[PDB]
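The figures here come from the full heavy-atom set of this structure, side chains too, leaving out hydrogens, waters and symmetry mates. Just so you know, residue 1 is the first one in the sequence shown, and it goes up from there.
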Amino acid sequence: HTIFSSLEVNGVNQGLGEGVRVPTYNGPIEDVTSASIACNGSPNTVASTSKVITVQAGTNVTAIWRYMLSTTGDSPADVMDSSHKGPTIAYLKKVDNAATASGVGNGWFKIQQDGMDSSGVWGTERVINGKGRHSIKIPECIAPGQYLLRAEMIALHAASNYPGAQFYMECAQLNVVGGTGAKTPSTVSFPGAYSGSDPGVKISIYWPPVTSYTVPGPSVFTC
Ligand SMILES: *[C@@H]1O[C@H](CO)[C@@H](O[C@@H]2O[C@H](CO)[C@@H](O[C@H]3O[C@H](CO)[C@@H](O)[C@H](O)[C@@H]3O)[C@H](O)[C@H]2NC(C)=O)[C@H](O)[C@H]1NC(C)=O
Ligand SMILES: [Cu+2]
């Protein structure tokens with residue numbers, strides 16, 4: 001249970017719910033076929049925001065994850081419960097207007113992931129123990145313009161069967177400046193990219209103990 005509730009750009013937090021479409025409730029999405037897998041949604045309620053955050057291509061934004069919207073601390077229990085082991089992921093989607101576009105459909109490409117490392121430490125643990133900081137590099141070679149940023153943590157502690165995986169995601173509204181447009185990504189759809197039978201979605205992380213993990217979705221886009 002966790003919420004991506006603010007974005008940091010160049011050392012500066014842009015504000016709670018400012019340019020990030022936040023739900024009030026920190027519960028997961030569980031159905032990978034639901035339109036809610038894109039930018040959260042029903043049975044949650046998601047707030048709108050008219051703020052679009054300007055970001056320089058080639059630099060990093062930081063998604064800031066908190067247990068609740070009211071949370072003010074940054075210790076592990078203020079981010080997410082440490083049972084919630086799994087990957088962190090981030091995607092971009094070019095849109096005409098980042099304040100009104102839904103996220104649902106084709107256009108997403110993956111720009112960041114952190115699965116399980118050699119020491120069996122998971123991406124989510126690095127965020128939990130890293131003050132909730134999920135750092136994501138905006139590619140330098142993409143076309144400038146309006147984008148949605150989808151930042152995600154997947155908790156796999158109850159994912160032996162499907163449904164079981166817990167998907168925590170929110171979408172931020174960006175204006176990417178300075179991109180060269182040198183490369184055009186191949187894209188996937190949400191819903192569509194993840195299936196219930198994917199080996200990184202339906203997985204027992206205890207029996208046997210995992211030493212390699214396949215993060216779901218397409219491969220990472222690089223310049
Ligand atoms: C900007 O965002 C980048 C992600 O999109 C991020 O890159 C990642 O940084 C981490 C650590 O800084 C790297 O992780 C590993 O490095 C060594 C082996 O490579 C390990 O010993 C560490 O434990 C750690 O897991 C990621 O590999 C790296 N990913 C990529 C694609 O470069 C940058 O750190 C972010 N930059 C800033 C300034 O925040
Ligand atoms: Cu939870």
Side-chain angles (χ1 to χ4, degrees), residues 1-9 11 13 20 26-30 32 37 40 59-68 71-92 108-139 149-172 188 190 193-222:
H1 282 53
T2 191
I3 304 171
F4 160 31
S5 60
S6 72
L7 195 67
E8 192 189 289
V9 177
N13 194 285
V20 185
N26 61 4
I29 300 299
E30 288 168 3
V32 302
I37 195 82
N40 213 321
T59 66
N60 282 41
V61 304
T62 300
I64 304 301
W65 292 89
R66 292 288 181 266
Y67 174 60
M68 286 181 68
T71 303
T72 55
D74 63 358
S75 58
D78 296 317
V79 181
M80 186 164 70
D81 182 71
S82 325
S83 63
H84 281 41
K85 289 176 198 207
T88 66
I89 324 169
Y91 303 71
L92 286 181
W108 297 99
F109 56 103
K110 185 184 289 173
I111 63 166
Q112 181 273 340
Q113 71 189 16
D114 180 3
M116 194 178 55
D117 72 10
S118 274
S119 318
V121 184
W122 292 86
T124 55
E125 297 180 289
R126 278 178 275 280
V127 175
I128 293 164
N129 296 299
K131 297 177 165 276
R133 307 178 60 85
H134 178 191
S135 197
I136 298 155
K137 177 193 219 198
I138 303 302
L149 167 68
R150 179 184 183 277
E152 170 172 56
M153 307 214 275
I154 306 175
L156 301 171
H157 61 286
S160 296
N161 300 312
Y162 175 87
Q166 290 179 3
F167 299 86
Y168 302 93
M169 81 299 299
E170 282 72 31
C171 293
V188 298
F190 280 114
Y194 301 159
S195 91
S197 54
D198 297 347
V201 171
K202 171 188 177 172
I203 181 185
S204 170
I205 67 181
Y206 310 105
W207 304 121
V210 187
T211 35
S212 90
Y213 176 77
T214 303
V215 185
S219 49
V220 178
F221 174 85
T222 62

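Every residue meeting the side-chain contact (heavy atoms from CB on, under 4.5 Å) condition with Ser195, not counting sequence neighbours, appears here in chain and number order: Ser197, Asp198.
In this pair, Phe4 and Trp65 present their aromatic rings tilted. The plane angle is within the 30 to 60° band. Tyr91 and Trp108 have perpendicular rings, their planes meeting at more than 60° on a 0 to 90° scale where under 30° would count as parallel.
In summary, the aromatic rings of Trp122 and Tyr213 are positioned with their centroids under 6.0 Å apart.
When all heavy atoms of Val127 and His134 are compared, the pair lying nearest together is CG2-CB, 4.2 Å. The heavy-atom pair separating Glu125 from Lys85 by the smallest distance is OE2-CE, 3.7 Å.
Side-chain atoms of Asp74 and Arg66, non-hydrogen and from C-beta on, do get closer than 4.5 Å to each other. In this structure, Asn129 and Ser82 have side chains that are not in contact, with every pair of non-hydrogen atoms separated by 4.5 Å or more.
With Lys110 contributing its side chain and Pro218 its backbone, the two residues share a donor-acceptor pair below 3.5 Å. Without hydrogens or angle criteria, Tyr168 side chain to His1 main chain gives a donor-acceptor distance under 3.5 Å. The backbone N or O of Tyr67 lies less than 3.5 Å from a partner atom in the side chain of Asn26, making a donor-acceptor pair. Proximity of a side-chain donor or acceptor of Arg150 to a complementary backbone N or O of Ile37 within less than 3.5 Å is detected. Of the possible donor and acceptor atoms, one in the side chain of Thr2 sits under 3.5 Å from a partner among the backbone N and O of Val79.
In this structure, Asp81 CG and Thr124 OG1 are separated by 10.5 Å, a value rounded to the nearest 0.5 Å.
Residue pairs meeting the salt bridge (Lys or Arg N to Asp or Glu O under 4.0 Å) criterion with at least one member in residues 115-124, sequence neighbours excluded, are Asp117-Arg126.
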